[PDB]
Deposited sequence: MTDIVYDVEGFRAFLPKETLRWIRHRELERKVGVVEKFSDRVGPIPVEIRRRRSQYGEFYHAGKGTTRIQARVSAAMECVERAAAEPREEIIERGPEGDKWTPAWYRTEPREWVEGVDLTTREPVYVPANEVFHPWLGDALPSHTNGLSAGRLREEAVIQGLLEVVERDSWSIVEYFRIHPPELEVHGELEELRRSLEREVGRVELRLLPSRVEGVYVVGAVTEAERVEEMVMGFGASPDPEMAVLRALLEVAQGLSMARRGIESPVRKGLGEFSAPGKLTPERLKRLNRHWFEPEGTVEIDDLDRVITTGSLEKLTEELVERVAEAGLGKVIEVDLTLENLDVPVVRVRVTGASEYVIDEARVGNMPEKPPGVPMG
């Protein structure tokens, strides 16, 4: 029974100030190849940028938070998870004995595997290296970082990774069927943050996405701006709808920081009004939802219980198996995991990663 002592940007067993002190003492950023740091503030939101070097090249990573401390923790741990996700021959198996997850798109049996755990059955299951590591170049589809998370504890990382998978499943459903999600109406501090971020662009719009996992809410934020590169999207998923809203808004601020520095992530220049027209489903909401009307199904006591309850709800969702792969580096004693949900949609990452899709949009 590990208490959640912090639940602003995510569910944490330590205060961000403690974690930052710990990151600094352990020299994690240096050890993970951080060579440059930048501090931004987008309206009221601190954003942190890291330039990182590895054998794979030079990369920009970002962190953010409601406080400068959390943004600096977020940026550091982002760098750590990416270093952990780099291919590691140590944990690759080639002639594995046991259960295997073989995704639909494999025309031939994959050769490299990593041992994971089925979080429903607690049985071992082998996962292809291309579904664990990044970058991995051998296979039919590109590798990616959906479900990759670091934490102070493995439970922190599991919760974060699983919520991310649900988040992208919801977003993938909206894009695949071109669903027009309802506008989400907020009050108090969240409304003030939205207004404050809106002062940076033209408009900041909130949406409640259809979630396929009960007890988990997914929120999208979309911007309208006079500059097209400043029309970004942010997403959040949490059992706490307030956290989901916060996460989406923080992602927008992060997006704006990146665009203003000309940093990108995956032909001629679009106009703001045409971008709107191509994305009518986002800009023409179907209905309205009040945040206070949303039930708190999963209330947050201990980290262990929260993990268990989240896993249960995803296992019930008709989205296949919930698999965890340990990516903790031996030298850096930092818990990192890759969470894969075998039939969750990753359409927004790759058109071929459809997952379990119904014939009709979920009404």
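According to the record, no C-alpha positions are given for deposited positions 267-276, 374-377, numbered from 1.
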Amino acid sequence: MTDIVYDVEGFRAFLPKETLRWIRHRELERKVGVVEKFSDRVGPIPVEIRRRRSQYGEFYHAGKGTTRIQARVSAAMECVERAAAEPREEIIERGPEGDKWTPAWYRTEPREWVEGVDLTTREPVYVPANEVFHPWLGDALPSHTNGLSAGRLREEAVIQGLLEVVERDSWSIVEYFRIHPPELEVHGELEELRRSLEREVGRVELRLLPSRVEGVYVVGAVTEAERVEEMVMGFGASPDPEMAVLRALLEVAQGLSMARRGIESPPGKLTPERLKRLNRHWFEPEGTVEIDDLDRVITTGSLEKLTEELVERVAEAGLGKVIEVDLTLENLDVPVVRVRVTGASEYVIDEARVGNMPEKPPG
From here on, numbers count along this sequence of modelled residues.
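Comparing 212-220 with 97-105, the stretch with the higher mean C-alpha B-factor in the PDB entry is 97-105. As the entry records it, the average C-alpha temperature factor is higher for 283-291, out of 283-291 and 76-84. Note on the listed residues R207, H144, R152, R122: the highest Cα temperature factor in the record is that of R122. Within the listed group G234, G161, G188, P241, the record reports its top CA B-factor for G188. For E18, the recorded CA B-factor ranks within the middle third of the chain. Only modelled residues enter the ranking. Looking at the C-alpha B-factors along this chain, the one for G318 belongs to the middle third.
Sort the chain's modelled residues by C-alpha temperature factor and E230 lands in the middle third, per the entry.
In the deposited entry, the Cα temperature factor of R199 sits in the top third of values across the chain's modelled residues. In this PDB entry, the Cα temperature factor of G355 sits in the top third of its chain's modelled residues, the highest group.
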